[PDB]
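One structure is given here, and the rest of the page talks about it.
Backbone-built Cβ (ideal geometry, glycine too); neighbour counts: all protein chains shown. What follows is calculated from the coordinates using simple rules that are stated; it is not laboratory data.
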Amino acid sequence: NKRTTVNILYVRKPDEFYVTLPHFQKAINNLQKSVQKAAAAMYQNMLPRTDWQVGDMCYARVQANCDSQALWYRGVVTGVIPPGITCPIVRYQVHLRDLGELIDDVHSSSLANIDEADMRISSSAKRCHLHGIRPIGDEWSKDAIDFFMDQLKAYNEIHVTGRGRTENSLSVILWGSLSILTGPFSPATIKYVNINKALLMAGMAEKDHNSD
Amino acid sequence: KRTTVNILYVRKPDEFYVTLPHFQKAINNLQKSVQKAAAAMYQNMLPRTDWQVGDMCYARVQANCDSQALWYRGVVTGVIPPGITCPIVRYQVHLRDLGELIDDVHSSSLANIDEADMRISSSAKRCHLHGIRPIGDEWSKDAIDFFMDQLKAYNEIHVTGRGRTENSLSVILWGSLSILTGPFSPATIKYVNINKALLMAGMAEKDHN
């Protein structure tokens, strides 16, 4: 009721990270290996294409955060990187809809056309930001991001409480749960820790006065 | 004195990598020589997870201008503990022949390197722009983008050495323009001081040391 358990797919910053409902996890996996087949056929069958622009949907063959090998992903072209002295080819930045991670320096050769079903299938990665807090400065510092990451791996499970949504993200109070084993006759006890407040108390963020 | 160079890779105005232009073919031979040696080691070698900072190695990674992952001579610069998103140890590797840092490299992509292949001097020579420093704590994206723009805005790039730290060479970077002035006269070259251009644009400040 008050808390919904989630799986953390990818973390960029405390104001941008991506989750999924735990029961949905298998369907996400099925979608990913389904995506490999569709993308691979597309790549060799399609005519070569070089006209890629921002806002274009696509498949990208890229190595994501926890990938040992490059794999196909559903993506949206977020940026165009003009040729440079080190690299004389146009390249692109791609947002991976099922993971949430931005990938830079993607060659046109790694991009493939996307058909119309895999365009309207809802993105697996659900965007969130920590509610009621902001960085102490222009941007989230590396310390604060590292602190956030450290908190996430410091708990048994992760839970969110919704505080409304912005135009592309859901505002949440992130909860860490500890499980306490108290004898064979009694069930484990669960305690919840407020990660948002943990960032505040550690001096890694300050209260956002735009929130109520 | 000015020596023409090829820019291999740029991280920041205080960290970029060059080579002498005549060495370029020799670098190319080394890279595809590396492919042979590394692939051998990989299928040869016993599996290893013992990777530590300062360890010499081969890394199969997708570098900056690579469409596909390739083998590179490397040194492990960092160890990345497992996280909630990725439950495996990973490593950060510096590519000696390119100069670029690569993050999140799995142990499966790492291979042992033998010592003959290891002691060949790095193709990439480290440089930093002399007499300047960032305005803020660190180089801003604006300054880095400006620096990149300067490098591609000229016909050729040249360096003048003004001393060395222990791992990097302090230089004045020069951009050259060629001016065509009729069939009878040879073209004239004008040089622009890239270090100064950054100072002028307010993208950097004087070192005063």
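How do B:207, A:98 line up, fewest other C-beta atoms within 10 Å first? Provide the component values of the computation, followed by the final result.
Values: B:207 11, A:98 22.
Taking fewest neighbouring Cβ atoms as first place, the list is B:207, A:98.
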Can you give the longest run of chain A that contains no GluC sites (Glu not before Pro) sitting in a DSSP loop with at most 16 other Cβ atoms inside 10 Å?
A:1-115
Hey, got the dipole for the range B:37-163? About the Cα centre, +1 on K and R Cβ, -1 on D and E Cβ, debye to the nearest 20?
220 debye
Charge context of residue A:199, other residues only, Cβ under 12 angstrom, K/R +1, D/E -1
-2
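Using R₀ = 35 Å, calculate the FRET efficiency as 1/(1 + (r/R₀)^6) where r is the Cβ-Cβ separation of residue B:52 and residue A:3; round to 0.05. Write out the running numbers ahead of the final one.
Details: r = 41 Å, r/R0 = 1.17.
That pair, residue B:52 with residue A:3, gives E of 0.30.
Within 10 Å of each Cβ in B:81-90, how many Cβ atoms from other chains are there, averaged over the peptide? It would help to have the intermediate numbers written out before the result.
Values: counts 3, 2, 9, 14, 16, 5, 2, 2, 0, 3.
Per-residue shielding by partner chains comes out at 6.
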With label points set 7 Å from each Cα along the Cα-to-Cβ direction at residue B:45 and residue B:122, the distance between them in nm comes to 1.9 nm
Within the range B:139-209, GluC sites (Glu not before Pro) in DSSP loop having at most 15 other beta-carbon neighbours inside 10 Å
B:166
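Relative contact order for chain A: what percent, with Cα pairs under 8 Å and sequence separation of 6 or more?
Values: 387 pairs, mean separation 42.1, N = 212.
The value is 20 percent.
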Out-of-range pairs (alpha-carbon distance over 29 Å; input A:33/B:36; A:2/A:26; B:32/B:196; A:153/B:141):
A:33/B:36; B:32/B:196; A:153/B:141
Given Cβ point charges of +1 (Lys, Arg) and -1 (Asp, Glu) and nothing else, what value in debye, to the nearest 20, does the dipole of chain A about its Cα centre take?
700 debye
Angle in degrees between helix B:24-44 and the longest Cα principal axis of chain B, rounded to the nearest 10
10 degrees
Calculated from backbone phi, Karplus (6.51, -1.76, 1.60) coupling profile of the range B:53-62 in Hz, x at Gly/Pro
4, x, 7, 6, 5, 10, 10, 9, 9, 8
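Assuming 0.36 nm per residue, please report the length gained on full extension of the stretch residue B:138 to residue B:112 beyond their Cα-Cα distance. It would help to have the intermediate numbers written out before the result.
Numbers: separation 26, 0.36 × 26 = 9.36 nm, distance 3.48 nm.
Full extension of this stretch gives 5.9 nm more.
Would you calculate a helix-derived [θ] at 222 nm for chain B, using -39,500 (n - 2.57) for each DSSP H run of n ≥ 4 and dividing by the full residue count, to the nearest 500?
-6500 deg cm²/dmol
Magnitude of the Cβ-charge dipole of the range B:55-130, K/R +1 and D/E -1, about the Cα centre, nearest 20 debye?
Values: 7 positive and 9 negative charges, 32 e Å.
Dipole about the Cα centre, nearest 20: 160 debye.
Quantify how strongly other chains surround peptide B:57-68 by giving the mean number of their Cβ atoms within 10 Å of each of its Cβ atoms. If you can, show how the numbers build up before the last one.
On the way: counts 0, 0, 0, 2, 1, 7, 2, 6, 8, 3, 10, 5.
That works out to 4 on average.
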Cα→Cβ-extended label distance, 7 Å offset, between residue A:165 and residue B:26, nm
6.0 nm
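Cβ under 12 Å from residue A:17's Cβ, residue A:17 left aside: what net charge do those residues give with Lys, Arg +1 and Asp, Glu -1? Intermediate results must be reported in sequence, preceding the final value.
Values: positive: A:12, A:13, A:126, A:127; negative: A:15, A:16, A:101.
So the environment of residue A:17 carries a net charge of +1.
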